Amino acid sequence: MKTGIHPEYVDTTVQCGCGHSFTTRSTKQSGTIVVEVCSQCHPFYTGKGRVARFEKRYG
Amino acid sequence: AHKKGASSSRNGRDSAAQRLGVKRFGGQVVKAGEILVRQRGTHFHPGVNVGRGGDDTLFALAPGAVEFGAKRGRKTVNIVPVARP
Amino acid sequence: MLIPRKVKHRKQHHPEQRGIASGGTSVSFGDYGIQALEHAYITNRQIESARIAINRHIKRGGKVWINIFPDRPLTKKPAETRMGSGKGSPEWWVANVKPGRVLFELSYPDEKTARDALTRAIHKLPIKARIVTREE
Amino acid sequence: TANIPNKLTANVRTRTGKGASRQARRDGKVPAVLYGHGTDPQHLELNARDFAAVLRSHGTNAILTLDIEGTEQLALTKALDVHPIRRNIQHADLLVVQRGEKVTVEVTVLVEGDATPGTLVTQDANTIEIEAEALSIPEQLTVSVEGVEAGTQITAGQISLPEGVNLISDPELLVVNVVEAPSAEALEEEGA
Amino acid sequence: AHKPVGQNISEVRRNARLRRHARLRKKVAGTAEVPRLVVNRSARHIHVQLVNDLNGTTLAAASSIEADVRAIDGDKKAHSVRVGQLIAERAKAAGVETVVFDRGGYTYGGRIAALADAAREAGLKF
Amino acid sequence: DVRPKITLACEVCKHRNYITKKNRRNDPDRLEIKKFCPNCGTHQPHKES
RNA sequence: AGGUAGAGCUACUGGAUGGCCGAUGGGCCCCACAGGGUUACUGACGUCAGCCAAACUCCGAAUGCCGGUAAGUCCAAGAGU
RNA sequence: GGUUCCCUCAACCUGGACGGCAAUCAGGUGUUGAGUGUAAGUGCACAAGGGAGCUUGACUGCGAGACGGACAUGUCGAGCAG
RNA sequence: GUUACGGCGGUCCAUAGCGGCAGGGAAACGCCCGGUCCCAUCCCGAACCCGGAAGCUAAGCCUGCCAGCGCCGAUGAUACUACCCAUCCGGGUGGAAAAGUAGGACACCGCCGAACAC
Ligand SMILES: [Zn+2]
């Protein structure tokens, strides 16, 4: 692997709303990201806030 | 028929003959540096004790007698070291 | 009239007229055929006259094959001019014929009409010929 | 098929070449070659009138019984050299055979019958390859065209063969192609 | 049943090495007075020969298969130096001093270079 | 003249030693080449005159 | 050492006859798209059989040419350099 | 251009966002049908074809031996020294 | 000296190639495991390079048998040809193809080195 031409590639972790967690390596210098739909969340992988205001007005 | 026009030929060119060919045949005794074959490409490839010129001309690298052989489908020209009497 | 769609070299030497035919000396498609007996150049204007004489004599039935095609050109230079100053332009197309070569073929149900239909075509060619069949 | 072989007399050639074959043919003989599995070529001479007599009544694949200097040999006619103009027999290749030996032989096919009146019968393949034993080669295989109408193809796979005869040529050759009779407007459009 | 689709990496390596070995042979030839030095580097051992191409016969040949070479506790490069010294002794004992190096289709460097540098240090001139 | 004739002179003794041609549009600047100079007896830089 | 005469081409470059196969299109019905088939068809690709060429060749002589050797003519070719 | 090292094309089939016969990508068949600045011919896949690093021999004094030739011209060349 | 063994070569470089079937891991030849060290990618430890020894003969390699495709190919006959006869035909002496037929063929030879044995 060459020295300078490549960008940074540092460890990171991923936290998702379903309680699932990751620990991988990537180029995100922040070292941690948040994801709102993951493999565990998606309905298609599980076999299955517009509405917030919509229910906050009508009910 | 009785009507006539003007006609001519646009051909009529050629270049000088180059005198290319084999100059020393099999069995001939040659000196060192003697031209053997004149050619364009490598129709004949060099063998043992034979070089190649700038224009693909094969000459003898050592005195001896000319031999014609083949090596993996390539027509080669070789020099054999005739023994001293 | 038959003309090739294209040829590489348009002005060529005269075809040689020596020897007997090396191949194509037997009937392969039809039942009857015409076999040449001497050398000549057969122009495309005599091939078209020969195959119309066959068609008219048999009227409706039967099929006609032509085994020779006018590939080779002959050049004629302009009339009433001296010798030299180039070479003439091609004027007509010929087919080098040698003895033994089969020119035309025909497959017709009967014999008399089929055999007489070929004789009418022979009288249109500048050579001598004969009628041949598939038997030995 | 049971065939009775034909007796012939063969003489060993004293000379060979083109100056000695022309003398042989000018005399009334034909040069011949008797090779075969025995690894034993022989240059012979057969009478021209007699050799052509059996060929006229037994096909090209005749079974010969050559009498070479008093012995008897069984031979098969392999190839014939025929002049294009004079229709001579300039040569004859003969192959030694034995009884019960399977030989690949190319026999001829004859079409017979009268199809639909408005149809034209055309034959494409003149001969087909046939495997049979040395004494059972059919001298002719016939195919019948009767009641056949319009576009129809009697492929080589439908040709009946005598028992004990195999088929070397594959069943894909087109032997007879029967089609509609060409009209007078179709004879003019062809060949122009 | 199973049937591989493409060439293995062993198939590619074997005949691409000989493809660039025969390319090298266009100039390097072995004479009885100036023999030709072959080397066959492998993942395990290394071999050398002293070849004469006019006769098609080899004169001397050292290798790392010998039980004496395996006694060395160094790495593969350390095993290559000893082979580079064994061949020099056997070549000089046969009256050979000048040779020509035939690297065999490998990159000159590492175990290939360590063998040649030890034979140059031990008498052979190339 | 697209490809004019140019002369190369040694940078030490300034002797015209060679003559050649270059494209004056591909290479607009004076050519710089190391050439053997017999007068000096060694290889010296040469420049277009 | 050739590449002429000859021959050969499913061995290259071109020419080119008759069948079979049937993609693609053309035209039509398939109620319009899409959604299956039919033609005396232009019918590619493939294949069976018969061919042609000074500037085509998978091939290929006879002569001719270069060199060596043994003799022949040798009171002559009235020879070669 | 010199030199050292490395590679095999064209065409076809199948799968892919624009993308189509035909752009970039992947796999397979593929022995020369591609390419060689420029006409044609003889060659080149062992590559003379494609890629990369360093460079100027696109030198000086010479040149045994030959090709070809009415002459004047023209062509090849191992090898020695710097 | 023996072996289903490993290198380096050869032959007017396929009679040796393509394909199909069935088999081998003693030492070697390989796949294989990694990227700390020399070294490397116009991106990638895929390749080149280095350090190793868990698994495997599934591939390369090697062995035996098949004539389907390629390759070689007679004898004889013919085409052609040199010289010579021959008043427009043709013939004699010498040479002799291409295609095709019978057939051959799943290579042969040499120098080293391994393990076993002596
Ligand atoms: Zn100077």
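All of the numbers you see were taken from the coordinates with simple rules; none came from a lab. Here Cβ is always computed from backbone atoms with ideal geometry, including for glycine, and neighbour counts include all displayed protein chains.
Evaluate region B:29-36: report whether one residue or more is more than 15 Å from RNA strand G (Cβ to nearest atom) and either hydrophobic (A, V, I, L, M, F, W, C) or out of contact with any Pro (no Cβ under 6 Å at 6 or more places or on another chain) (or both).
yes
Okay, residues lined up against (1) among the polar types (S, T, N, Q); (2) more than 14 Å from every other protein chain (Cβ to nearest Cβ); (3) surrounded by fewer than 16 Cβ atoms within 10 Å (Cβ to Cβ); (4) within 13 Å of RNA strand I (Cβ to nearest atom):
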site: E:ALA61; (1), (2), (3), (4): no, yes, yes, yes
site: E:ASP73; (1), (2), (3), (4): no, yes, yes, yes
site: E:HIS79; (1), (2), (3), (4): no, yes, no, yes
site: E:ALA93; (1), (2), (3), (4): no, yes, yes, no
site: E:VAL99; (1), (2), (3), (4): no, yes, no, no
site: E:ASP117; (1), (2), (3), (4): no, yes, yes, yes
site: E:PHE126; (1), (2), (3), (4): no, yes, yes, no
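If you scan region D:78-111, which residues turn out to be in a loop (DSSP other than H, G, I, E, B), more than 16 Å from RNA strand G (Cβ to nearest atom) and within 14 Å of chain C (Cβ to nearest Cβ)?
Those that are in a loop (DSSP other than H, G, I, E, B), more than 16 Å from RNA strand G (Cβ to nearest atom) and within 14 Å of chain C (Cβ to nearest Cβ): D:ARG86, D:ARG87, D:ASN88, D:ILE89.
Just need a number here: residues in region D:142-192 that are among the hydrophobic types (A, V, I, L, M, F, W, C) and near RNA strand G (Cβ under 9 Å from one of its atoms).
Residues flagged as among the hydrophobic types (A, V, I, L, M, F, W, C) and near RNA strand G (Cβ under 9 Å from one of its atoms) within region D:142-192 amount to 4.
Go through (1) of a type in the set (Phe, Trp, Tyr); (2) surrounded by fewer than 19 Cβ atoms within 10 Å (Cβ to Cβ); (3) touching a strand residue (DSSP E or B) at 6+ places or on another chain (Cβ under 7 Å) one by one and return the number of the condition C:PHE104 breaks.
(2)
Within region D:132-154, which residues are assigned to a strand (DSSP E or B) and surrounded by fewer than 15 Cβ atoms within 10 Å (Cβ to Cβ)? If you could, list the steps in order and put the result at the bottom.
Quick first cut of region D:132-154, residues assigned to a strand (DSSP E or B) only: D:132-133, D:141-144, D:152-154.
Passing the criteria: D:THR142, D:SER144, D:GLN153.
Using beta carbons and a limit of 7 Å, which pairs, at least six apart or on different chains, have the first residue in region C:73-95 and within 8 Å of chain B (Cβ to nearest Cβ) and the second one among the β-branched types (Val, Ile, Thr) and surrounded by 10 or more Cβ atoms within 10 Å (Cβ to Cβ)?
C:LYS87/C:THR75
Checking the condition in a loop (DSSP other than H, G, I, E, B) and either within 16 Å of RNA strand I (Cβ to nearest atom) or more than 10 Å from the chain's Cα centre (by Cα) (or both), which residue from B:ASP14, B:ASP56 passes?
Step by step, each of B:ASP14, B:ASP56 is checked, and only B:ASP14 is in a loop (DSSP other than H, G, I, E, B) and either within 16 Å of RNA strand I (Cβ to nearest atom) or more than 10 Å from the chain's Cα centre (by Cα) (or both).
Checking C:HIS57 against (1) under 30 Å from C:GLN12 (Cβ atoms); (2) surrounded by fewer than 19 Cβ atoms within 10 Å (Cβ to Cβ): exactly one of these is not met. Which one?
(1)
Among the residues of region B:37-53, write down those that are in a strand (DSSP E or B) and either more than 8 Å from RNA strand H (Cβ to nearest atom) or in contact with a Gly (Cβ under 7 Å, 6 or more places away or on another chain) (or both).
Within region B:37-53, B:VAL37, B:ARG38, B:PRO46, B:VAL50 qualify.
In this structure, does D:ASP114 turn out to be in a strand (DSSP E or B) and of a type outside the set (A, V, I, L, M)?
Answer is no for this residue.
Sort through B:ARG10, B:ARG19 and tell me the only one that's surrounded by fewer than 10 Cβ atoms within 10 Å (Cβ to Cβ), within 14 Å of chain C (Cβ to nearest Cβ) and of a type outside the set (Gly, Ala, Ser).
B:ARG10 is the lone residue from the list that is surrounded by fewer than 10 Cβ atoms within 10 Å (Cβ to Cβ), within 14 Å of chain C (Cβ to nearest Cβ) and of a type outside the set (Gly, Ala, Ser).
Any residue that is away from chain B (no Cβ under 14 Å), under 29 Å from E:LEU86 (Cβ atoms) and more than 8 Å from RNA strand I (Cβ to nearest atom) - is there at least one of those in region E:3-10?
no
Evaluate the following for D:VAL165: is it in contact with an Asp or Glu (Cβ under 8 Å, 6 or more places away or on another chain), away from chain C (no Cβ under 14 Å) and part of a loop (DSSP other than H, G, I, E, B)?
Answer is yes for this residue.
Looking at (1) out of contact with any strand residue (DSSP E or B) (no Cβ under 8 Å at 6 or more places or on another chain); (2) assigned to a strand (DSSP E or B), find the lone condition where B:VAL66 falls short.
(1)
Every residue, every condition in (1) out of contact with any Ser or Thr (no Cβ under 8 Å at 6 or more places or on another chain); (2) farther than 19 Å from E:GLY123 by Cβ; (3) of a type in the set (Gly, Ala, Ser), yes or no:
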site: E:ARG41; (1), (2), (3): yes, yes, no
site: E:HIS47; (1), (2), (3): no, yes, no
site: E:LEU54; (1), (2), (3): no, yes, no
site: E:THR57; (1), (2), (3): yes, yes, no
site: E:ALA62; (1), (2), (3): yes, no, yes
site: E:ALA71; (1), (2), (3): yes, yes, yes
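I'm trying to understand the selection: among the residues of region F:15-49, which are surrounded by fewer than 11 Cβ atoms within 10 Å (Cβ to Cβ), in a loop (DSSP other than H, G, I, E, B) and basic (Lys, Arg)?
Matches in region F:15-49: F:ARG25 only.
Tell me, yes or no, whether region D:126-141 has at least one residue that is under 30 Å from C:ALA53 (Cα atoms), within 14 Å of chain C (Cβ to nearest Cβ) and away from RNA strand I (no atom under 16 Å from the Cβ).
So in region D:126-141, the residues under 30 Å from C:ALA53 (Cα atoms) come out as D:126.
Filter once more, keeping what is within 14 Å of chain C (Cβ to nearest Cβ): D:126.
The next check asks that each one be away from RNA strand I (no atom under 16 Å from the Cβ); those that pass are D:126.
Yes: one or more hits.
Which of the residues that make up region D:63-77 are acidic (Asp, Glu) and either crowded, with 19+ Cβ neighbours inside 10 Å or within 24 Å of the chain's Cα centre (by Cα) (or both)?
D:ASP67, D:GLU72
Of E:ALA88, E:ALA113, which residue is under 28 Å from E:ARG13 (Cβ atoms) and either away from the ligand (no atom under 16 Å from the Cβ) or within 14 Å of another protein chain (Cβ to nearest Cβ) (or both)?
Values: E:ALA88 fails: under 28 Å from E:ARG13 (Cβ atoms).
Going through E:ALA88, E:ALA113 in turn, just one is under 28 Å from E:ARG13 (Cβ atoms) and either away from the ligand (no atom under 16 Å from the Cβ) or within 14 Å of another protein chain (Cβ to nearest Cβ) (or both): E:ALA113.
Among residues belonging to region D:18-62 that are among the small types (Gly, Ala, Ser) and assigned to a loop (DSSP other than H, G, I, E, B), point out the one that is nearest to the chain's Cα centre (by Cα).
Among those residues, the one meeting the criterion is D:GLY59.
Looking at the structure I just gave you, is E:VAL5 under 26 Å from E:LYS125 (Cα atoms) and either within 16 Å of RNA strand G (Cβ to nearest atom) or not aromatic (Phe, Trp, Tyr) (or both)? Steps first, please.
Numbers: under 26 Å from E:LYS125 (Cα atoms): no; either within 16 Å of RNA strand G (Cβ to nearest atom) or not aromatic (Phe, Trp, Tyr) (or both): yes.
Against the criterion (under 26 Å from E:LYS125 (Cα atoms) and either within 16 Å of RNA strand G (Cβ to nearest atom) or not aromatic (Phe, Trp, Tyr) (or both)), E:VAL5 does not qualify.
So, of the residues in region C:19-45 that are farther than 14 Å from C:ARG101 by Cβ and part of a loop (DSSP other than H, G, I, E, B), which turns out to be farthest from the other protein chains (Cβ to nearest Cβ)?
C:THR43
Quick one: how many residues across region D:91-100 are loosely packed, with under 14 Cβ neighbours inside 10 Å and not small (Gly, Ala, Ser)? Let's see the steps before the verdict.
Our first condition is that a residue be loosely packed, with under 14 Cβ neighbours inside 10 Å; within region D:91-100, this holds for D:98-100.
Narrowing further to those that are not small (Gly, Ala, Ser): D:98-99.
The qualifying residues number 2.
For C:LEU103, only one of the following conditions fails: (1) within 11 Å of another protein chain (Cβ to nearest Cβ); (2) farther than 23 Å from D:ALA184 by Cβ; (3) out of contact with any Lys or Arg (no Cβ under 6 Å at 6 or more places or on another chain). What is its number?
(1)
Can you name every residue in region C:46-86 that is in contact with an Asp or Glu (Cβ under 8 Å, 6 or more places away or on another chain) and in a loop (DSSP other than H, G, I, E, B)?
C:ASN67
Residues in region E:56-65: is at least one within 16 Å of RNA strand H (Cβ to nearest atom) and not basic (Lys, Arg)?
No, the conditions are met nowhere in region E:56-65.
Can B:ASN78 be described as of a type in the set (S, T, N, Q) and closer than 30 Å to C:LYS87 by Cβ? Give the derivation first.
Values: of a type in the set (S, T, N, Q): yes; closer than 30 Å to C:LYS87 by Cβ: no.
It is false that B:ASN78 is of a type in the set (S, T, N, Q) and closer than 30 Å to C:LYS87 by Cβ.
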